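Okay, so here's just one chain, in structure tokens, the form deposited in one PDB entry.
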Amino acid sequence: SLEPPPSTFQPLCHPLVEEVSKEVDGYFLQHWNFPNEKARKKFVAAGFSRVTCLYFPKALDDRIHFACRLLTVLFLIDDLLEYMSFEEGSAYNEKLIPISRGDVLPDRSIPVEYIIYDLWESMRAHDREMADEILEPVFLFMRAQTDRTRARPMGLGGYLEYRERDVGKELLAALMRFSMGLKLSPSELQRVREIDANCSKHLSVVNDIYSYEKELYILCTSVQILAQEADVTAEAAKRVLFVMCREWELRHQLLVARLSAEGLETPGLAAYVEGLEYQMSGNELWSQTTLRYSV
């Protein structure tokens, strides 16, 4: 057992977790075309809404279900793209994008299509401004799902610089903003780029730490890279990476304290950086428990 090192952060779950969870889970079991009974209860066991509530514990009470719905359908779609070629998976997603914009009408006979359509319709109806702002982050993520990335020599610095721009973590930060009703200005966002990049690496590395065993069923992970650079075992590497993650949590506290001392911390940004902290503690807890990293 790894034994995480001490941390000043702590996981927190959204207050309405049980309530939203049943609501959203019901919706999908009702509308989604699962293959069989095994898949049906594998889905309930996954508890995507509980995942979402762990990542956005501070979302507004009336918007958390939106987040759960979006993440649930993306998790479902993600798992589906596993069984299809590049050309089909890409074609699959590109078709849902115009529908997501509301520009194209569903084929009410195809679950994923009307689920996606209705979802975005309802989000815009609740807040068009913020709903439109999160469209691109989602599309970016959706396009990356069928992305064929190059295997190339990559040291620790290159790998981390690359994770700093991860679109998955970007989608999470934007979805968090929507869930919290935090309309951040262009200026405010620029002010927390370092904080975002720092957070993005944290989430990524913690995922790497707990997914390595499974990854070692194109292996691109910080555990292998550090193990090879330092000439130690994967486990020793996980230990070193975990301490690096704590260094990043301390960096987060410092970047935030600085922001405030310079008087650049607005109420919106305060909620935001705190939201990120819970995304980090949440992701860690999720990583330690998710069945997706089992084997």
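All residue numbers are counted from 1 along the displayed sequence. The term rigid core refers to the maximal set of C-alpha atoms that superpose within 1.5 Å between the two forms.
The discussion below concerns the form deposited in another entry, not included here.
Moved residue between this form and the one not shown - picked from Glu161, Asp107, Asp132, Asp79, where its Cα shifts 2 angstroms or more relative to the rigid core:
The only residue crossing the 2 Å threshold is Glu161.
Core fit, then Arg258 C-alpha moves 2 Å or more between this form and the one not shown:
After core superposition, the displacement of the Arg258 C-alpha between this form and the one not shown reaches the 2 Å mark, so yes.
Is it true that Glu235 shifts between this form and the one not shown by 2 Å or more at the Cα, once the core is aligned?
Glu235: C-alpha displaced by 2 Å or more between this form and the one not shown.
Once the two forms are fit on the core, has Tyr117 moved its CA by at least 2 Å between this form and the one not shown?
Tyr117 C-alpha, core-superposed: shift of less than 2 Å.
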